[PDB]
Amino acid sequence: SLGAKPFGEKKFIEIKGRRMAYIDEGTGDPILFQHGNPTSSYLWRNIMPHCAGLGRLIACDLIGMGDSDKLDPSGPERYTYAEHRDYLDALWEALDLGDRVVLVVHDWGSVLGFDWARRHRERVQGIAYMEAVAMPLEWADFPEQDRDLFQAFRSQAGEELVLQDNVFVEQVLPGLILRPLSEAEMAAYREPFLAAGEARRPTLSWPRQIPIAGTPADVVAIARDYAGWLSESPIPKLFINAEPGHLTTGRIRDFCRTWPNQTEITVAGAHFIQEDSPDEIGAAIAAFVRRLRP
């Protein structure tokens, strides 16, 4: 079903002098769900229940997002990908995941999860992905309509758009979900970002870090690395395709459709497809997991 209620209860743990929030329910091997920008663990609330009893169900809030602590002092050099990865690697380590992890990823969760998976390949049992950064991007991979806005995030205009006006939460988010969100739903997405200024910094630092047209060079290299590895890895994969979709279409989709040992389904959605087809997404993940854990 749909619903505005969160899944499970938020737990907290100290990492690098900051508290990080996460959902961790049940026993066994982890099914590890990673949200991206501008969302949180909340993104998976109607998907995680389909995996009830199939393992340990985990959804972490990235540093500065959801119920995780803000970075202090926050500024234009904080919340880089390398910074998020440092906090996330340490969190995942502290959680004692073992060596049979199923990853479920989206958006920046996919850059982070694909990267982690390449670096910890032996520990990774399966990868389910949707609307993911399969490879370094080009401006031609972006739907025409959304190009100028994303380019403006990556210019001097970005602070006003995002820190002042919360454009990523209030415009991009609902704009890339096909069904209308409820009041309670937008409230939960708005909450980490209620205040103008540095509270919203993660939602602007993220689009500045997107590996597009060669830049930033460190994130491009990481994405080129995992692109090459994923196209060769025999690790089982579930590609959840979306129609009309958003990021994972055209050339990007061409590429991830070359990856080996892969099942695919198509669901209704643009980018944040979890809000459009939760049950279809949840059911495919659960079947995938059942097949990997007979």
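Heads up: residue numbers just count along the shown sequence, starting at 1.
Higher mean CA temperature factor, per the PDB entry, when comparing 70-78 with 188-196: 70-78. As the entry records it, the average C-alpha temperature factor is higher for 11-19, out of 277-285 and 11-19. Of the candidates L176, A140, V169, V111, the deposited coordinates give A140 the top C-alpha B factor. For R56, the recorded CA B-factor ranks within the highest third of the chain. Only modelled residues enter the ranking. For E183, the recorded CA B-factor ranks within the highest third of the chain. Only modelled residues enter the ranking. Compared with the other modelled residues of the chain, the Cα B-factor recorded for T39 ranks in the lowest third.
Among the modelled residues of the chain, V267 sits in the lowest third by CA temperature factor in this PDB entry. In the PDB entry, a CA B factor belonging to the middle third of its chain's modelled residues is recorded for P30.
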